[PDB]
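# Examination of the molecular architecture
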Amino acid sequence: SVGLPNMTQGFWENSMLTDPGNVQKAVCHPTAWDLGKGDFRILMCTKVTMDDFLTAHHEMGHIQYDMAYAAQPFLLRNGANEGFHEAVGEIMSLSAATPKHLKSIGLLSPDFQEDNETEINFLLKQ
Amino acid sequence: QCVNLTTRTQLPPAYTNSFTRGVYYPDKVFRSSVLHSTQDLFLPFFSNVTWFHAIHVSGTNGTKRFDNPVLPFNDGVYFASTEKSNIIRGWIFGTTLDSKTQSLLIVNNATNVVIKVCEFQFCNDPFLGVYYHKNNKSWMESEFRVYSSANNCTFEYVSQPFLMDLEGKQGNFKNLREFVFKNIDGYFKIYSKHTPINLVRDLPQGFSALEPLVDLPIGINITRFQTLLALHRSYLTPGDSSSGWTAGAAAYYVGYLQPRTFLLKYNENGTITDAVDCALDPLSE
Amino acid sequence: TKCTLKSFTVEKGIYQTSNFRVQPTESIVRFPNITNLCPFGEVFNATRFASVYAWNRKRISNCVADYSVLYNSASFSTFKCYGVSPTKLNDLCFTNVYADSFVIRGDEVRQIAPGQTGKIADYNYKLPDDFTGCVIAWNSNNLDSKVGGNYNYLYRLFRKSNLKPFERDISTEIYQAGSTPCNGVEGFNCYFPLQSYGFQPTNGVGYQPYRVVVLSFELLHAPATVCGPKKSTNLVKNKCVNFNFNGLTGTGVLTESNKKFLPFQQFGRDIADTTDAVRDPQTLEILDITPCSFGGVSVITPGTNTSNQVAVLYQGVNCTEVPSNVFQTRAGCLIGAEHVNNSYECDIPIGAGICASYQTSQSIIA
Ligand SMILES: *[C@@H]1O[C@H](CO)[C@@H](O[C@@H]2O[C@H](CO)[C@@H](O)[C@H](O)[C@H]2NC(C)=O)[C@H](O)[C@H]1NC(C)=O
Ligand SMILES: *[C@@H]1O[C@H](CO)[C@@H](O[C@@H]2O[C@H](CO)[C@@H](O)[C@H](O)[C@H]2NC(C)=O)[C@H](O)[C@H]1NC(C)=O
Ligand SMILES: *[C@@H]1O[C@H](CO)[C@@H](O[C@@H]2O[C@H](CO)[C@@H](O)[C@H](O)[C@H]2NC(C)=O)[C@H](O)[C@H]1NC(C)=O
Ligand SMILES: *[C@@H]1O[C@H](CO)[C@@H](O[C@@H]2O[C@H](CO)[C@@H](O)[C@H](O)[C@H]2NC(C)=O)[C@H](O)[C@H]1NC(C)=O
Ligand SMILES: *[C@@H]1O[C@H](CO)[C@@H](O)[C@H](O)[C@H]1NC(C)=O
Ligand SMILES: *[C@@H]1O[C@H](CO)[C@@H](O)[C@H](O)[C@H]1NC(C)=O
Ligand SMILES: *[C@@H]1O[C@H](CO)[C@@H](O)[C@H](O)[C@H]1NC(C)=O
Ligand SMILES: *[C@@H]1O[C@H](CO)[C@@H](O)[C@H](O)[C@H]1NC(C)=O
Ligand SMILES: *[C@@H]1O[C@H](CO)[C@@H](O)[C@H](O)[C@H]1NC(C)=O
Ligand SMILES: *[C@@H]1O[C@H](CO)[C@@H](O)[C@H](O)[C@H]1NC(C)=O
Ligand SMILES: *[C@@H]1O[C@H](CO)[C@@H](O)[C@H](O)[C@H]1NC(C)=O
């Protein structure tokens, strides 16, 4: 909806978005894999919580930045500094945790009033 | 690969007269007793054609004749070969006959008609001889010394395989094979006709309309052709690769065409039965 | 008749007014069978393909190129025809066709195009500024991909100069980037020209193998051997139609004849050089070509002072091709006159011994 392209074809057939369980051991740490050959996948055991909901958007912003700078040689396929690559996903995770977006998608009830106490609490938490 | 053929007696060229031959169908048009008059390149009646023969007499006498020169191709030729056995198995057409330009190769290797249009390197004496052994005694064709290499092939055609009767019978001739080659608009037209005959003197006298056989679109230029003959390799004739040869009962005629006017006569079925030349014997005019 | 004679009082007699002509109902186009189409069925479905620097050029000279099976197939990624429309491919002839088959990376397919530049164009295969042909490419990641890396496809990367259009290089000499001469071994500025590609089954879009072929069309001083597959129609025998039998044309009714042609003769001509019989290129049957009915229209009518009834005559036209008694005479079809068996003096001459008159409840008789 902002202008970023869609995900790759391999992203939906190679990513393990669900923890397989005791059948095999796998780390559930959210990581952004930048292979460099058009294939991009995210390793995360995304639950139905909100923290994982925003971490998924963080990883998707990371993958978007990777696909953006993938149009350069190997010595340049990276962010400008060591903070931009994380900030690209952090700004999306911050902007996606708003009650307006949640009620527009269908998570928050449309009849929910926007009181100033909740806004002050959210600002203090941030 | 190129092997010459020495020990050949030379003789002056012979000439004969073709009374009424070389008449072919100009176009694929059916006509029933209309007596059409056409203007195309035909063979003039009672012309002066060249006679190439191949005679071999036993003992220390006779002459060893094997005629296959590089004859010119002036607006079409008329090839008639009075063969007793399978000896004339193809021709060679082209301008340079080398790798400089392209050349048409219509040769028969005792299997079927093999037509190739490439830039070959033809030898100065190509031939396709036979081999007569004592065991498995049957006339087999194992010889191919027409060219050295083949590159940049444009057209090619190899029909279905078929047997070949290479039996060297002794006696009189059995059939006559006539051919009229012409190339005016890129297409190489061939008009063939088969007529049995039982003479060994000269070209048969009569009339036979040659029907179209093939039309090969090649687009190459043709200025000089050459006939490919066969050879016999048997016992009692020792020698090297360039010797120990023998032949016989081989003769072919070559006649050049020219623009003429003919009054073709069709029967009730569409076949040409008679024709007259308007530029000869003013009774025919 | 009044307009032809330019008078309001037409005298008793027969007058010619117009000319009848049977217009053609439909048009038919017939052509021989279309067999042995082309080796395109094997040049596209080949199991093994060559590299981009060692592309193979297959001879496609004498075969009917069926472009309909390639354009209608929804299995090609990029299909761009330069200098010619894809729809008019089955309506033109050519001299020679060449299909250069080679596998290239997906993200660099756009480099094979007229006027485009890059890394593979000027080093492996370059196209001229003007090009008369099409390009066909399809994804081959299903079969040309193995786990662990597919190092079977290579490409030339380093060259000392640009390549000519339709040029293929076989020498694999090592490239020299510096002033020091390379003595057959690698060094500082001595690198290998050929580089291998990596085809993994998990790669994304862009790095997958794409078998791309190039079709070249040329016209020179030679008879055209490859043309488009022309379609035939149905054979309608007994009606005035427009026929087209392998280049021929005309208009007439095609009746089944008995003229047994020769095995090589196609069409026949009667006296005065007129096409009167053609052979169907499919069923190899012979049929006659009779021209459609035509003739002058004469109007037999008495004097205007007597009556206003008229009798129409179609000279030399059978009554079965005209569309109130209709009587057929040896001079033509006569409509509007009652044929009587009696014999009277000839009043209005018609022809073939038949005459018309205005007698007895009262109409024109013949
Ligand atoms: C013997 O065969 C050779 C080739 O097998 C031919 O030699 C050619 O002879 C002509 C003139 O005699 C030269 O113009 C050619 O250059 C020769 N060919 C080559 C390859 O040099 C010829 O058919 C025979 N030559 C002799 C001397 O008998
Ligand atoms: C006569 O020539 C033809 C073609 O030059 C030969 O046909 C080829 O035969 C070889 C093996 O015999 C095959 O590998 C080729 O594929 C054949 N050609 C084609 C176009 O199919 C034929 O064998 C020759 N016959 C003799 C007796 O020499
Ligand atoms: C390669 O093989 C495929 C598989 O048979 C061919 O696809 C068929 O093409 C025919 C001809 O139009 C169709 O009738 C079939 O329905 C097609 N089958 C499928 C599964 O699509 C294809 O045509 C072949 N390639 C070439 C160039 O002929
Ligand atoms: C052209 O194709 C048609 C049909 O495909 C051929 O007609 C068939 O001929 C055979 C043998 O004469 C008959 O058994 C069939 O019944 C015919 N089918 C039809 C639909 O008529 C025709 O022979 C082909 N012509 C050539 C020269 O190949
Ligand atoms: C044919 O031409 C040759 C050479 O010009 C000549 O010797 C011969 O007499 C001619 N034949 C006839 C029948 O005129
Ligand atoms: C059989 O024919 C071959 C020719 O291929 C020949 O060389 C051989 O001498 C013949 N006889 C025997 C017994 O092989
Ligand atoms: C083959 O010969 C033709 C003759 O016109 C020429 O145009 C073509 O370039 C030649 N091809 C090769 C590969 O030599
Ligand atoms: C032979 O024909 C070709 C046609 O392609 C022509 O270019 C060439 O000039 C001709 N040769 C001669 C000697 O006229
Ligand atoms: C013409 O054909 C008919 C029948 O096809 C046959 O009876 C007759 O003999 C033929 N005439 C000639 C001169 O071939
Ligand atoms: C008109 O056609 C019919 C039917 O074919 C035929 O019987 C009749 O003889 C034809 N008339 C003339 C004058 O030919
Ligand atoms: C004329 O004669 C024919 C044949 O006999 C008959 O069919 C027809 O009815 C007759 N017409 C009249 C008017 O008598």
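Rules used in this analysis
- Residues numbered from 1 in each chain as written, not as in the entry; some residues may be left out.
- Chains lettered and ligands numbered in written order.
- Part of a larger assembly, values for the part shown.
- Heavy atoms only, no water.
- Helix = DSSP H or I, 4+ residues; strand = E, 2+ residues; numbered from the N terminus.
- Buried < 20%, exposed > 50% of the residue type's maximum accessible area, 1.4 Å probe, protein only.
- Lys, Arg positive; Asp, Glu negative; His and termini not counted.
- Salt bridge = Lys/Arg side-chain N within 4 Å of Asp/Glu carboxyl O.
- Contact = heavy atoms within 4.5 Å.
- Buried area = accessible area lost by both parts, 1.4 Å probe.
- Near = heavy atom within 4 Å.
- Polar contact = N/O pair within 3.5 Å; in protein donor to acceptor, adjacent residues only side chain to side chain.
- Areas by Shrake-Rupley, 256 points an atom, 1.4 Å probe, with all protein chains shown as cover.
- Disulfide = S-S within 2.5 Å.
- Pairing = 2+ DSSP bridges.
- Axes fitted to C-alpha atoms, helices over the stretch in contact; angles between N-to-C directions.

The deposited coordinates for this entry were obtained by cryo-EM, with a reported resolution of 2.99 Å.

### Some words on the side chain of C:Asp122
Residues and elements named next belong to chain C. The residue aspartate 122 is located in the loop between strand 4 (96–105) and strand 5 (133–139) in this model. For the buried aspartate 122, no salt bridge exists, and the shortest N-O distance to an oppositely charged side chain is 7.7 Å, to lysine 119. Setting aside anything within four residues of it in sequence, one finds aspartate 122 in contact with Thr117, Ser161, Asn162 and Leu163.

### Notes on the interface of chain A and chain C
Between chain A and chain C, the residue contacts involve five residues of the former and eight residues of the latter. Summing both sides of the interface, chain A and chain C together bury roughly 520 Å²; the carbon and sulfur share of this comes to 45%. Its largest share of buried area at the contact with chain C, chain A owes to A:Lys37, A:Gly38 and A:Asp39, together 71% of the area lost on that side. In this assembly, chain A and chain C are joined by zero salt bridges.

### Observations concerning the site of ligand 5
Residue and element names in this part refer to chain B. Around ligand 5 sit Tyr15, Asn17 and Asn48, and those are all the residues in its vicinity. Measuring from an oxygen atom of ligand 5, one finds a side-chain N or O atom of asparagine 48 at 2.4 Å. Protein chains shield 34% of the accessible area of ligand 5, which is 360 Å² for the free molecule.

### Description of the state of the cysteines
Residue and element names in this part refer to chain C. The tally for this structure, following the rule as stated, stands at ten disulfides over all chains. Between the sulfur atoms of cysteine 81 and its disulfide partner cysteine 134 the distance amounts to 2.0 Å. Judged by the sign of its S-S torsion, about 100 degrees, the bond between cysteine 81 and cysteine 134 is right-handed. Note that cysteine 81 is positioned in strand 3 (residues 78–82) and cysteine 134 in strand 5, a separation of 53 residues in sequence. A single burial state applies to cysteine 81 and to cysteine 134, both of which are buried.

### Overview of the sheet that holds strand 20 (residues 348–351) of chain C
Residues and elements named next belong to chain C. Reading across from one edge, 20-21-22 is the order of the three strands in this open sheet, with antiparallel pairing throughout. Two strands bound the open sheet, and with one partner strand each, they are strand 20 and strand 22 (363–365). Geometrically, the sheet is characterised by an average inter-axis angle of 30 degrees between neighbouring strands, direction not taken into account. Sheet analysis places strand 20 next to strand 21 (residues 354–359), joined by three bridges and oriented antiparallel. Of the residues in strand 21, the one forming a bridge with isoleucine 348 is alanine 356.

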